[PDB]
Amino acid sequence: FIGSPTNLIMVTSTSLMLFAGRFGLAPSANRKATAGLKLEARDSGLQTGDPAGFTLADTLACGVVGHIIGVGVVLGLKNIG
Amino acid sequence: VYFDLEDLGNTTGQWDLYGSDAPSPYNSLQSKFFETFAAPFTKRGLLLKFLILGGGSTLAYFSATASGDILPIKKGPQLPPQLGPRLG
Amino acid sequence: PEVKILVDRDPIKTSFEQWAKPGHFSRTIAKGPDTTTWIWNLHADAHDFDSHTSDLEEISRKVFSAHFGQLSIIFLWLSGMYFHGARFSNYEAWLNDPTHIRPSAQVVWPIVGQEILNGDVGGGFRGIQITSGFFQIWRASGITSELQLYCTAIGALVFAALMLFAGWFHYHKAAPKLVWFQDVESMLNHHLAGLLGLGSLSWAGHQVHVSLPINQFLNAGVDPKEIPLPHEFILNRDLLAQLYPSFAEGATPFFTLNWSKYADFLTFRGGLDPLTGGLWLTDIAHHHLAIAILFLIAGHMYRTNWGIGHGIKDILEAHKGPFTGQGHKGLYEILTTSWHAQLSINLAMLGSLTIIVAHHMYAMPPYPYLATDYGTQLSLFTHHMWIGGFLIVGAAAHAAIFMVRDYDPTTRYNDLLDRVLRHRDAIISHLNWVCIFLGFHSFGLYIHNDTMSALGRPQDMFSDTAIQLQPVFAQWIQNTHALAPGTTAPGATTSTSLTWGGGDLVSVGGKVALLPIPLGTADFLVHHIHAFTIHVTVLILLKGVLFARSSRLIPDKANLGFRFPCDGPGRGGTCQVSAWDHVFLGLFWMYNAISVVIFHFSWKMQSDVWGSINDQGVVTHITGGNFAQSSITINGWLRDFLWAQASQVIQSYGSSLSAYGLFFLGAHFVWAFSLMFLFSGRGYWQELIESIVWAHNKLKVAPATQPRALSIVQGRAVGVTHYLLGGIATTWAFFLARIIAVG
Amino acid sequence: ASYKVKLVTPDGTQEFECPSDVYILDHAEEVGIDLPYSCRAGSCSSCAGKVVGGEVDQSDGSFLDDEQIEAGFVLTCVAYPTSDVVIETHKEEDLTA
Amino acid sequence: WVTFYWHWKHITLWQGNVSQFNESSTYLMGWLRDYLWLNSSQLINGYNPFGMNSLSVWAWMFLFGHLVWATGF
Amino acid sequence: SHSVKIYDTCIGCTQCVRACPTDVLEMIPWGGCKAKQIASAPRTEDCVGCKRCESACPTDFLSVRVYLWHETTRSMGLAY
Amino acid sequence: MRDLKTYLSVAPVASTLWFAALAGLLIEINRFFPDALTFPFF
Amino acid sequence: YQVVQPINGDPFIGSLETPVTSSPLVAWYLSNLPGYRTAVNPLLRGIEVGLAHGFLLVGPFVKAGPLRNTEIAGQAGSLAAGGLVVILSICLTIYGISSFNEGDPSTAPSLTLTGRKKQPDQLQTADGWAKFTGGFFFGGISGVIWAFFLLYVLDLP
Ligand code: CLA
Ligand code: CLA
Ligand code: CLA
Ligand code: CLA
Ligand SMILES: CC1=C(/C=C/C(C)=C/C=C\C(C)=C\C=C\C=C(C)\C=C\C=C(C)\C=C\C2=C(C)CCCC2(C)C)C(C)(C)CCC1
Ligand code: SF4
Ligand code: FES
């Protein structure tokens, strides 16, 4: 399976969503988006170790989102061309 | 504060919300015509008795002299009649 | 802030002492009886939890364990159904030849000649033909032997005992506290993603491994005993790959994302299976997969314990505009402190859902061999319509209870509720008007039609032959639904249902499963009658809810309660001002509306849908197709529907359908018996009881618990209860006798 | 059984003995310490009073708030003195509020 | 009850079919089917999609009476 | 206006005056009972006729009685 | 256990038992002497 | 900002203000209609009334009555609309007769929307109501006549 097929697409998709979630630019466990414009700060109480306040809950969430978005566009592109 | 013993109608709300009080927009040649010709029908007892008896007149008239194309009740039967379960 | 389990140990102790003291829950009943009225109150207030006490924690504990009791009861009823299918049924023979054996899972003992009720249902068996449609479910499940039915009966009995024990446990040993109940975000996350998501995922799993292969074998013609057992399909997989090659790659696609390679058994066909007259199973499995995905994702919306999610309070507070002031601010505080508000919303939605289920299950039949079983289809549609109507009426009851006992602008203020309260007069005015106008323009057309048909003027009627009223939008929409597959739905082959059209007709065993349903002037008239009845019911219930607290007539109505007889004969007379009386009146109108709905469906299906088809292909409908021309007058409903179809039930004496003939008459009797309670009042009855009591006193045989006449409210309630029972049972006997007799 | 009763009163505080199967009012009627009543049927607030100690059987009491029996007030004419009680008299209006 | 009794007895006597009453009168399904339902056909066919005859005025009145009655409820 | 009458069996419990929703009734001094109190009905032109007072009277038979009589605007409870 | 003996004598349970026993008795009588219109003994 | 306000700031009158009852377009329109032209002769307003309503009541009696297809009698069904005009003007007359007396002022409000005095609308008289009755009736019958006069083919006769 690994080579240059679905692998490339899904890996770059989940990777960019993780890169977003870790930094700002995306709602997260320590970031509460107001109305899709900007983000506030919040200490969820769940302790992490990453210097940017990247929780395991955050990682799981953005990983699921990367997989959903990658599955979507993969099926689209392979159904139209 | 909307309570004023002096003016009661403003406290109980006796306004005209859509009245105008503007001058007439029907210039007098048109008004002239109407209030000249449309006067004799402006007395209560006169109008009522006239309307009743004239409507009755037209109804008795058009009822006594209506033609067959109008009312099947007038054209009568056009067939021989059946006999009842025994009688007829 | 965070979410956790919170429970108390041993709140109440298991004892019998409170069984021997009737009415322990209420201080007034506990004191004991002086008059017979006591015995009635004891039952009327038995489940009025929030009136026995003031503490919200206690009410919620009681509600939780009462729910466990209800679930235990339901499991016991399921256990009975499966045991009767296993032990006193002809299910195996019906499995052998479904279009000749009529299903039966109840036999009677030969005691007083009643064994005549054990009729010839085919297959070497004599009993009562059932109409719940359980054989169709068991066939769609893959069940092929009575041992599986026994096994499920035993499992259900076990589960019922488990539910009962949990009901005892959560009330007497480990009772959760208020903060546990009041966590709605975690609750919604679990019910969306855990109960509905995992449920339909697991069920899609069972259909992919059991129902699909066993039904493939059954439709291939194989003897129901020579089909492999389901677990074989799981142990040996070449069995599966013979019927569906895609099961050879076996989850490699689902990961390689080439879901195309599953098109074997996950399809998007649309339409019916022309062998069994039901939906393709390969469509239902794919449907359940999709629904499970959707729910599992939707159960991750609300924030519980990790920041991510949505706060319900935030969503509600964000919504407001220049017409509604501050609206939705203050509904989270209300919807978390009153059980009655929750119950009203939930009842409204569940009733509407049941009605939608009725429509969708007639129009796109889910089970195999259900569409040609006419009695089961009629029974299911009618049953579910009645349930939906009742639940919708209860919704109004509990909205009124919330308005009388719980609404409080001093400590929980919401803007939208306040504004609706501040223009209720205009609201009720406009609804009143539209119901009058709708009643003139639908029933009035029928009266015009009857009078023109009796006056020898049929060219002046409202009908397809004289003055047409074609529902252009309905015809336009079903034409769009006909052209949909291929144009606006390129992935579909046939359209969703056969009622839309396209000239496709499905037959089974020489019977008609489905074909395009024609819309005409009569359909237009009937639908406007339906709009009229629903609008009237709404007027009554909403008037009851909006004026539950005060009126221009009685300005402190909330102080008299939710259920009171009147406020005396003054002010002109104020009988039936309470909201309970509005619910009481709305029950009659719901009965009216649902009755007309089921009459319209029953006559229309026989007239233009059901029937028999010939090898040459000429369809003969049960009734001759007389709905288009006889439904437009009232005389046609009295003559061609009631008088002509009551023949089956008034001729069942001496046959196996004679129980329906007995119930017809019994139901007429109970209906007429209620009018005595509805038309009279309790003063007359108490004064008659006076003289009867004298006669008993004359012989030292008079009772110490002094007999009273019933309450005013109890009189009304007994009246409506017997009225509904009589009417619905009459229609029940009529329908079942008629549909079972012809076919 | 016949526990001793204590009634504060503008006349003073006096005791009388009287069995538990009785209503307080007829028992203050026995020895002769006058108390205010109107109804003798538990349907008004003239015989109202509150308690200093113990508590009194209010099973056959009616026309009372779903609280008047949980924060002190009692009607003397429909009340059974389960214990050696100490009660108040002439207590209608601070009950009437 | 009185007039139902009189009319059923007499209508079966006028038809030379007295045994019909003598057999069907002893149970209430007999009254419902053999008297009420059986004797209603012509009245309710007074007018129908295929025309009207002189029973029309009764077929109409029959329904009037059913309407007024129900409004009384 | 309806009629309201008070009879000398009254024990002066005041329960009827507390119940009236239109303030028809009143207590006045007396000498025929332990309460030295008796009900009176000075304002019967405002009585809506609800008999809320009769449900409250404890004597057997009643000591307050309401006889419905000629109807007016106030008696019918009309806000228009 | 005494409380159970009391509870079993409350009105609905007592009547339920009384009538179930009566029903069994009449049912068995009619199963033994079916279709009786008269007293055929003496 | 909010759109609904109590009627003229008084929150204890039984009504409200909306874009439906107090809006500039609606206010100006409803003001320029005959019934709301307070300072105009009752008979002129009644004339407008009767004209418009006879003309309107032509159509339905023609296109729906019993002789709609018989056209040796289809068009002349304006007789019916004339009769309806006669009947509801008899009703107007008895209403005015019972509701008023000449020796009494006209019950209309004397205040306006801002708190100035007006001369009470005379349509609410006995005299002026009989005048308005005559106007409406004259207009109604001659409007029936007018819309019967236009029997020339247009789009749907
Ligand atoms: C009890 C007496 C009675 C009589 C004699 C009539 C007679 C008539 N009705 Mg009628 N009807 C009655 C009771 C009666 N109705 C009741 C109680 C109802 C309520 C259910 C109805 C409801 C009803 C409807 C819905 C309709 C009729 C119609 C008709 C007309 C049908 C025949 C036709 O086409 O004429 C010839 C056609 C004409 C247009 C003749 C018009 C009559 C003259 C020209 C009107 C002049 C009026 C006059 C100025 C004053 C009015 C009355 C005055 C004497 C006080 C006919 C003249 C139909 C009709 O034609 O509508 C008008 C019709 O639509 N009726
Ligand atoms: C995945 C988790 C989950 C699941 C599956 C359920 C399922 C259910 N809940 Mg529940 N709930 C949950 C989490 C869950 N809940 C959480 C987290 C909370 C708040 C903390 C609540 C609070 C709650 C309340 C207040 C109520 C429910 C109720 C119900 C029942 C609804 C009626 C119904 O549809 O019956 C469908 C019937 C079946 C599906 C038959 C199978 C029954 C299975 C065995 C249920 C087992 C699930 C349960 C969570 C097991 C935990 C017990 C374990 C410790 C031994 C249903 C069985 C109602 C109820 O309790 O009725 C008694 C109700 O009143 N729930
Ligand atoms: C989830 C469903 C649900 C739930 C949990 C409740 C719960 C409650 N309801 Mg409610 N209600 C519902 C649905 C529901 N209702 C529906 C669908 C309706 C519309 C009919 C109503 C209408 C309603 C009213 C009008 C009232 C309530 C009231 C109440 C409260 C007290 C009920 C009680 O104990 O009375 C006791 C229960 C009985 C006495 C049993 C009655 C037996 C019926 C009449 C016989 C039915 C015949 C049977 C089906 C078949 C015949 C068998 C026979 C031949 C042997 C309680 C909190 C009462 C209240 O005051 O709220 C505070 C109140 O008066 N409900
Ligand atoms: C067959 C009996 C019957 C009839 C005809 C009605 C009729 C009506 N009910 Mg009622 N109802 C009934 C039984 C009946 N009900 C029973 C048994 C109960 C007890 C549960 C109720 C309880 C009830 C309630 C609680 C309410 C109603 C309401 C209404 C009115 C609804 C508005 C409407 O549709 O206007 C249209 C009128 C009709 C459809 C009647 C027929 C119209 C005829 C055919 C027109 C003929 C006109 C004729 C030419 C007159 C001229 C004749 C001339 C000689 C004078 C309506 C008048 C509701 C209401 O008032 O709505 C505002 C209301 O809330 N009903
Ligand atoms: C710490 C660390 C780091 C970092 C790392 C990372 C970055 C990680 C990550 C990550 C990951 C590794 C992730 C993953 C993910 C994924 C997920 C989380 C998923 C999922 C899934 C799901 C759940 C799905 C489902 C579905 C849907 C939804 C639809 C369709 C169907 C399906 C089934 C597909 C560094 C090197 C710096 C340093 C050292 C260590
Ligand atoms: S007692 Fe009965 S009749 Fe009298 S007002 Fe009350 S509800 Fe009406
Ligand atoms: S006298 Fe009023 S309570 Fe005893």
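Structure determination for the deposited model, as stated in its record, used cryo-EM, and the stated resolution is 2.5 Å.

Naming follows the PDB entry, where chain H appears as PsaL of Pisum sativum.

Looking at the PDB entry, one finds chain F named Photosystem I iron-sulfur center, with Pisum sativum as its source organism. Under the Subcellular location heading, UniProt states for chain F: "Plastid, Chloroplast thylakoid membrane".

Along its length, chain H carries four helices and one strand. Listed by position from the N terminus, the elements making up chain H come as α-α-α-β-α. Taking 2.2 N^0.38 as the reference for a compact globule, 157 residues should give roughly 15 Å; the C-alpha atoms of chain H span a radius of gyration of 20 Å, well beyond that estimate. Split into buried and exposed, the 157 residues of chain H put 37% on the buried side. For chain H, the computed accessible surface area is about 9000 Å², with 67% contributed by carbon and sulfur atoms. Taking the 8 positively charged and 9 negatively charged side chains of chain H as two groups, their mean positions are separated by 3 Å.

The next thing to look at is the overall build of chain F. The secondary structure content of chain F amounts to two helices and four strands. If you list the helices and strands of chain F from N to C, you get β-α-β-β-β-α. The C-alpha atoms of chain F give 13 Å as radius of gyration, which agrees with the globular expectation for 80 residues (12 Å, within 12%). Projected onto its principal axes, the C-alpha coordinates of chain F cover approximately 45 × 20 × 20 Å. When burial is assessed residue by residue, chain F has 36% of its 80 residues classed as buried. In chain F, 55% of the contacts between residues at least 6 apart in sequence involve partners at least 24 apart. Taken as a whole, chain F presents about 4500 Å² of accessible surface, with 54% of it coming from carbon and sulfur. Side chains of chain F carry 9 positive and 8 negative charges; the gap between the two charge centres is 5 Å.

A few words now on helix 24 (residues 634-645) of chain C. Given 3.6 residues to a turn, an α-helix orients residues that are three or four positions apart in the same direction. Helix length check: helix 24 of chain C, at 12 residues, gives a terminal C-alpha distance of 16 Å against a target of 16 Å (1.5 Å per residue), a fit within 8%. For helix 24 of chain C, the N-terminal capping position is held by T633 of chain C, with its side-chain oxygen 3.3 Å away from the main-chain nitrogen of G636 of chain C.

For the rest of this paragraph, the subject is helix 4 (residues 56-87) of chain C. Taking 1.5 Å per residue, 32 residues should reach 46 Å; helix 4 of chain C reaches 47 Å between its end C-alpha atoms and fits that length. For helix 4 of chain C, the complete set of buried residues consists of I59, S60, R61, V63, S65, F68, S72, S79, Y82, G85 and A86 of chain C.

Pairs can form between side chains of opposite charge once their charged atoms are near each other. One pass over the structure, following the stated rule, counts 36 salt bridges over all chains. As a salt-bridge pair, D523 of chain C and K604 of chain C come within 2.7 Å of each other at their nearest N and O atoms. Of this pair, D523 of chain C sits in helix 21 (residues 521-546) while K604 of chain C sits in helix 22 (residues 579-608), and the two are 81 residues apart along the sequence. Comparing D523 of chain C with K604 of chain C, the two get one shared label, buried. Through salt bridges with shared partners, a single ionic network connects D556, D567 and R571 of chain C together with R52 of chain F.

Taken together, the contacts link 31 residues of chain B with 47 residues of chain H. For the pairing of chain B and chain H, the buried interface totals around 3600 Å² over both sides, and the portion due to carbon and sulfur atoms is 69%. Linking chain B with chain H are 10 residue pairs in polar contact. Secondary structure elements with two or more residues in the side of chain B that touches chain H: helix 1 (9-12), strand 1 (15-16), helix 2 (28-37) and helix 3 (44-64) of chain B. Ranked by residue count, the leading element in the side of chain B that touches chain H is helix 3 of chain B, at five residues. A per-class count over the side of chain B that touches chain H returns 16 nonpolar, 10 polar and five charged. Bridge analysis of strand 1 of chain B against strand 1 (residues 111-112) of chain H gives two bridges, and the strand direction is parallel.

Every residue near ligand 5 is listed here: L18, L60, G63, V64, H67 and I68 of chain A together with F254 of chain C. One chain alone does not account for the residues near ligand 5; they come from chains A and C. Its free accessible area being 980 Å², ligand 5 has 37% of it covered by the protein chains. In terms of residue count, the dominant contributor to the shell around ligand 5 is helix 2 (residues 56-80) of chain A (five residues). Residue composition of the shell around ligand 5, grouped by class: five nonpolar, two polar and no charged.

What follows deals with the nonpolar core. All names here are of chain C. Counting residues in each nonpolar core, the largest one holds 92 residues, and the members touching the most others are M385, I598 and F735. Per-element tally for this core: the top contributor is helix 22, with 15 residues. If sequence neighbours within four positions are ignored, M385 has contacts with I355, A358, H359, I594, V597 and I598.

Before going further, it helps to spend a moment on a nonpolar patch on the surface. On the surface, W18, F19, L22, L25, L26, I29, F32, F33, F39, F41 and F42 of chain G cluster together into a nonpolar patch covering about 1400 Å² of accessible area. With respect to the helices, strands and loops of the structure, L25 of chain G is situated in helix 2 (residues 11-32).

Residue and element names in this part refer to chain C. Mapped onto the elements, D640 comes out in helix 24. A distance of 2.8 Å separates polar atoms of two side chains, one belonging to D640 and the other to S630. Leaving out residues up to four positions away in the same chain, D640 has contacts with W603, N626, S630 and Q645.

Facing the 11 residues of chain C at the interface are 15 residues of chain A. Interface area, chain C with chain A, both sides summed: about 960 Å², of which 66% is carbon and sulfur. Its largest share of buried area at the contact with chain A, chain C owes to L257, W306 and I308 of chain C, together 53% of the area lost on that side. Taken together, chain C and chain A are joined by zero salt bridges.

Residues and elements named next belong to chain F. The UniProt record annotates "binding site: [4Fe-4S] cluster 1" at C10, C13, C16 and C57. Look at the named residues: they lie 48 residues apart in sequence, but the longest C-alpha span between them is just 10.6 Å, so in the fold they bunch up. For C10, the location among the structural elements is in the loop between strand 1 (3-6) and helix 1 (15-19). When its relative accessible area of 13% is taken as the criterion, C10 is described as buried.

Criteria and thresholds
- Numbers given to residues start from 1 along each chain, in the order its sequence is written, and need not follow the entry; residues that have no coordinates are not shown.
- Ligands are numbered from 1 and chains lettered from A, in the order in which they are written.
- Summary scope: the chains shown constitute part of a larger assembly, and all values are computed over the shown part.
- For the side-chain quantities, the full set of heavy atoms in the structure was used; hydrogens and water were omitted.
- UniProt positions are given in the numbering used here, feature names are shortened, and annotations may be inferred rather than shown by experiment.
- Secondary structure elements follow DSSP: runs of H or I no shorter than four residues count as helices, runs of E no shorter than two count as strands, and numbering proceeds from the N terminus.
- Between the two quantities, the radius of gyration covers C-alpha atoms and the globule rule is 2.2 Å times the number of residues to the power 0.38.
- Remark: exposure states derive from per-residue accessible area (1.4 Å probe, protein chains only) relative to the maximum for the residue type, with buried under 20%, exposed over 50%, and partly exposed in between.
- Values of accessible area rely on a 1.4 Å probe in the Shrake-Rupley scheme; residue burial ignores everything except the protein chains shown.
- Charge convention: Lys and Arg are scored as positive, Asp and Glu as negative, and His as well as the terminal groups of each chain are ignored.
- For charged residues, the charge sits on one atom: NZ in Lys, CZ in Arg, CG in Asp, CD in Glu.
- Residue contacts follow a heavy-atom distance rule, with two residues in contact if any of their heavy atoms lie within 4.5 Å.
- Each helix should span, by expectation, one fewer than its residue count multiplied by 1.5 Å.
- Residues adjacent in sequence count toward polar contacts only when both atoms are side-chain atoms; beyond that, a polar contact is any pair of N or O atoms within 3.5 Å, and within protein one must be able to donate a hydrogen and the other to accept it.
- Each salt bridge in this description consists of a side-chain nitrogen of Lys or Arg and a carboxyl oxygen of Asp or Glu lying within 4 Å of one another.
- Summed over both partners, the accessible area (1.4 Å probe) lost when two parts come together is defined as the buried area.
- Three residue categories are used. Nonpolar comprises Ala, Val, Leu, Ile, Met, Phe, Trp, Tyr, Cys and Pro, charged comprises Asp, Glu, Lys and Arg, and polar comprises the others, including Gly.
- Only strands joined by at least two bridges in the DSSP assignment are considered to pair.
- Whether a residue is near a molecule or strand is decided by its heavy atoms; if any one of them lies within 4 Å of it, the residue is near.
- Among the buried residues, those of types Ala, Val, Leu, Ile, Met, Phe, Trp, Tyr and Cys that are joined through side-chain atoms within 4.5 Å form a nonpolar core.
- Any residue with relative accessible area above 30% and no salt bridge may belong to a patch, with like charges joined within 9 Å and the nonpolar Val, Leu, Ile, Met, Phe, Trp and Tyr side chains within 5 Å.

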